[PDB]
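Notes for the one structure printed next.
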Amino acid sequence: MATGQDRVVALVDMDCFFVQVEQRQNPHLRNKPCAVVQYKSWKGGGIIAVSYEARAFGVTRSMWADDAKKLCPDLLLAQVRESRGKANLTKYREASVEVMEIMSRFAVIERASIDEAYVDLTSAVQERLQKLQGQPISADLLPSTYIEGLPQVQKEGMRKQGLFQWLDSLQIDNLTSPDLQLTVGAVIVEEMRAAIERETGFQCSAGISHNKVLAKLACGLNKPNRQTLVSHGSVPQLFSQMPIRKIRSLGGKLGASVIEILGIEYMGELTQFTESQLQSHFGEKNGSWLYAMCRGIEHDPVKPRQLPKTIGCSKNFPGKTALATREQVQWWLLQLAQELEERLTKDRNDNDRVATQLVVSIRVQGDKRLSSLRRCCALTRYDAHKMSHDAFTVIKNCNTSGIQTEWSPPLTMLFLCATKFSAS
DNA sequence: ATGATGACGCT
DNA sequence: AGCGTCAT
Ligand SMILES: [Ca+2]
Ligand SMILES: [Ca+2]
Ligand SMILES: [Ca+2]
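Per the numbering used here, the first sequence starts with residue 647, numbered consecutively.
Written out as structure tokens, the structure reads:
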């Protein structure tokens, strides 16, 4: 019987990363309730990142700034840079590369988003294990680590108590014990996080466990600027009252149908179903994955990949701003094509690859899906005017309008994705 | 009128 | 190829 303790995997999360970037640049924003906003005009701007001081007053992501200031009147706002009429996230993409380069010195990392990376510590841990002459692990090597499920009046008091219980029972004589291995992973993640902070001023959270889903769950248990070790043995207690929708990839329609088809609420309850039963309800792939997951077993690998596989540029045109003339459809395409070329040229010189395919996506008024339609064409020159002309060429026939100069039904979204990279 | 992106599965 | 799901 396999237990999914082959690997040591971590998820590192830059807590409210865009806010940290702005608070490093503007010291007057540090240790204050504050948030980062996109587009000041409509209701003060849509909030895309919130410091923990502001989260205490109820300010959340996607809330309008004008509504946020009702919950939190002293809230400081930093504004996202705008280029060619759209939000430009270049400042944060650069900072994110800063952090992942430091992370790369410690283990192999998979960029999960601008602010999160998975980390495969298996080889790093094995190496570090030979280097420790069977020596004990000091609690002073784990100054921000929580041990989930432990211990069994002061918050710092609880943490150390749990950690001392953990360390006391540790079997340092067995170089293949998965609990010892997780502990060494956790010392390394402490080291990687002290270096990120030392070399960028950014703080981050982490979770350490045996796979990606446990690492991501562990990461969210103690935030901010804290890390959590979730061992294989903590899983049954942890899953016993864990809502299904908190497990990675179960927050959407699949999760809700697990809840509804099976009549359960919590991840642990999935253990009473056979793998064939789960496969018959959710399909061979989903059932196998579920069967193992509710037991803390998951095999999705940490892909060694710091660089995205698509480079894309989108802008929404909601409400009355939706595009309705051929003229303005062509101008935004041009605006979108131009920011895309800057990014592509920076990527050709920075990462020695060239993209070869161009995906144009649009969304129409009334349709409530992300994309209404997706068409592709070749990407031969990094030239904004060719790319916009070709993007337009590829979507023209969607215009059902009669008047030449008009576009119906209005476009609420324009999207240009460069993909199918190749070595250059 | 929760945006701008990104990864991936299915057919 | 083109659409759907899940996520930050
Ligand atoms: Ca928003
Ligand atoms: Ca944590
Ligand atoms: Ca899956």
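Each residue gets a CB set at the ideal place from its N, CA and C atoms; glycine is no exception.
Taking all protein chains shown into account, decide if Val904 is buried (16 or more other Cβ within 10 angstroms of its Cβ) or exposed.
As a first step, residue 904 must be located in the first sequence, where it is residue number 258. So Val904 counts as buried.
For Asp946, collect the residues of the same chain with a Cβ closer than 6 angstroms to its Cβ; drop the 5 residues on either side in sequence, then sort them by chain order.
Here the question's residue 946 lines up with position 300 in the first sequence. Within the same chain, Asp946 has close Cβ partners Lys858.
Taking 7 angstroms as the cut-off, is the beta-carbon of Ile694 closer than that to any non-hydrogen atom of ligand 1?
Numbered from 1 along the first sequence, position 48 holds the residue referred to as residue 694. Yes, since a heavy atom of ligand 1 falls inside the 7 angstroms radius drawn around the Cβ of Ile694.
Excluding the 5 residues flanking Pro679 on each side, which residues of the same chain have their C-beta closer than 8 angstroms to its C-beta?
Along the first sequence, one-based indexing puts residue 679 at 33. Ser697, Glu699, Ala700, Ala702, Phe703, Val705, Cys718, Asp720, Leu721, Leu722.
So what's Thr791 in DSSP terms, helix, strand or just coil?
Stepping through the first sequence from its first residue, residue 791 is reached at position 145. Note: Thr791 maps to strand in three-state DSSP.
Run the CB neighbour count on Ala648, radius 10 Å, all protein chains shown included, and call it buried at 16 or more, exposed below.
To locate residue 648, count along the first sequence from 1; it is residue 2. Exposed, because fewer than 16 other Cβ atoms sit within 10 Å of the Cβ of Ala648.
Length of the line joining the Cα atoms of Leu1057 and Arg739
In the first sequence, the residue the question calls residue 1057 occupies position 411. In the first sequence, the residue the question calls residue 739 occupies position 93. Going by the C-alpha atoms only, they are around 28 angstroms apart.
Could you tell me if the beta carbon of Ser960 falls within a distance shorter than 7 angstroms of some heavy atom in ligand 1?
Sequence index remark: in the first sequence, residue 960 carries index 314 (1-based). No, ligand 1 has no heavy atom inside 7 angstroms of this Cβ.
Got a sec, what are the start and stop residues for the alpha helix (DSSP H) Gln811 sits in?
Taking the first residue of the first sequence as position 1, residue 811 is located at position 165. Residues 801 to 814.
Would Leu809 and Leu788 be called neighbours here (beta carbons separated by less than 8 angstroms)?
Start at 1 with the first residue of the first sequence, and residue 809 comes out as number 163. Start at 1 with the first residue of the first sequence, and residue 788 comes out as number 142. Yes, Cβ-Cβ distance for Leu809 and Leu788 is below 8 angstroms.
Classify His878 as buried or exposed, calling it buried when 16 or more other Cβ atoms lie within 10 Å of its own Cβ.
The sequence position of residue 878 within the first sequence is 232, counting from 1. By the neighbour-count rule (16 or more Cβ atoms within 10 Å), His878 is buried.
Shorter than 7 angstroms, the distance from the beta carbon of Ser895 to the closest heavy atom of ligand 3, or not?
Within the first sequence, the letter at position 249 stands for residue 895. For ligand 3, at least one heavy atom lies less than 7 angstroms from the Cβ of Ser895.
CB of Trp977 to nearest heavy atom of ligand 3: below 7 angstroms?
In the first sequence, residue 977 corresponds to position 331, counting from 1. No, ligand 3 has no heavy atom inside 7 angstroms of this Cβ.
Between the segment 971 to 986 and the segment 872 to 892, are three or more C-beta pairs nearer than 8 angstroms?
No: fewer than three Cβ pairs fall under 8 angstroms.
Helix, strand or coil for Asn1043, going by three-state DSSP, please let me know.
Reading the first sequence from its first residue, position 397 is the one you call residue 1043. Three-state DSSP puts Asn1043 in a helix.
State the DSSP-derived secondary structure class of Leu860, mapped to helix, strand or coil.
Numbered from 1 along the first sequence, position 214 holds the residue referred to as residue 860. Helix, per DSSP.
Can you determine whether any heavy atom of ligand 1 sits closer than 7 angstroms to the C-beta of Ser687, and answer yes or no?
Walking along the first sequence from the start, residue 687 turns up at place 41. No, ligand 1 has no heavy atom inside 7 angstroms of this Cβ.
When you compare the CB positions of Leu1016 and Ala1064, do they come within less than 8 angstroms of one another, or not?
Taking the first sequence and counting its residues from 1, the one referred to as residue 1016 is at position 370. Taking the first sequence and counting its residues from 1, the one referred to as residue 1064 is at position 418. Cβ atoms of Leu1016 and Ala1064: not closer than 8 angstroms.
Under a Cβ-count criterion, where at least 16 other Cβ atoms within 10 Å of its own Cβ denotes burial, should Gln1050 be classed as buried or exposed?
Translated into the one-based positions of the first sequence, residue 1050 becomes position 404. Counting Cβ neighbours within 10 Å, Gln1050 comes out exposed, since fewer than 16 surround it.
C-beta atoms of residue 1085 and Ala711 nearer than 8 angstroms:
The chain is shown from 647 up to 1070; residue 1085 falls before or after that span and cannot be answered.
Who are the Cβ neighbours of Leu990 in its own chain at under 7 angstroms, not counting the five residues just before and after it?
Against the first sequence, residue 990 aligns to sequence position 344. Within the same chain, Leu990 has close Cβ partners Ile957, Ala1001, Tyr1028, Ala1064.
Taking 7 angstroms as the cut-off, is the C-beta of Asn857 nearer than that to any heavy atom in ligand 3?
Here residue 857 corresponds to residue number 211 of the first sequence, with the count starting at 1. Result no, Cβ not under 7 angstroms from ligand 3.
Counting pairs of Cβ atoms below 8 angstroms between the segment 789 to 801 and the segment 867 to 876, do you hit three or more?
yes
Any heavy atom of ligand 2 closer than 7 angstroms to the CB of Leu657?
The residue you call residue 657 lines up with position 11 of the first sequence. No - ligand 2 has no heavy atom lying nearer than 7 angstroms to the Cβ of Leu657.
Using a threshold of 8 angstroms, state whether the C-beta atoms of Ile910 and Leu916 are closer than that.
Mapped onto the first sequence, residue 910 falls at position 264. Mapped onto the first sequence, residue 916 falls at position 270. In contact: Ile910 and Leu916 (Cβ atoms closer than 8 angstroms).
Could you check where the alpha helix (DSSP H) with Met746 kicks off and where it finishes?
Numbered from 1 along the first sequence, position 100 holds the residue referred to as residue 746. 736 to 750 is the extent of the alpha helix (DSSP H) around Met746.
What is the DSSP secondary structure of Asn995, reduced to helix, strand or coil?
Counted from its first residue, the first sequence places residue 995 at position 349. Three-state result, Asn995: helix.
Beta-carbon within less than 6 angstroms of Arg670's beta-carbon, same chain only, minus the 5 sequence neighbours each way: which residues are those?
Counting from one through the first sequence, the residue named residue 670 turns up at place 24. The answer, listed in chain order, is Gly847.
Cβ-based burial, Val799 [other Cβ within 10 Å; buried from 16]:
The count along the first sequence starts at 1 and reaches residue 799 at position 153. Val799 comes out exposed.
Where in the segment 903 to 959 do unbroken runs of the alpha helix (DSSP H), each at least 4 residues long, occur, reported from the N-terminal end onward?
921 to 939
Compute the Euclidean distance between the alpha carbons of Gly691 and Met746, then round it to the nearest angstrom.
On the first sequence, residue 691 is found 45 positions in, with the first residue counted as 1. On the first sequence, residue 746 is found 100 positions in, with the first residue counted as 1. The alpha-carbon atoms of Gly691 and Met746 are separated by roughly 29 angstroms.
Given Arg994, which residues of its chain have a CB within under 8 angstroms of its CB, disregarding the five upstream and five downstream residues?
The count along the first sequence starts at 1 and reaches residue 994 at position 348. Excluding positions up to five away in sequence, the list reads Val1000, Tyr1028, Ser1070.
Can you name, in chain order, every residue of its own chain whose Cβ lies under 7 angstroms from the Cβ of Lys869, other than the five neighbours on each side?
Counting from 1 along the first sequence, the entry for residue 869 is found at position 223. For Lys869, where only same-chain residues beyond five positions count, the Cβ hits under 7 angstroms are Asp661, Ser851.
Quick one: which unbroken beta strand (DSSP E) runs of 3-plus residues sit fully inside the segment 684 to 716? Chain order, please.
692 to 696
Rounded to whole angstroms, what's the CA-CA distance from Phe1067 to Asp998? Just pull it up for me.
For the purposes of this step, residue 1067 is taken as the residue at position 421 of the first sequence. For the purposes of this step, residue 998 is taken as the residue at position 352 of the first sequence. Rounded to whole angstroms, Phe1067 to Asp998 spans 10 angstroms at the Cα level.
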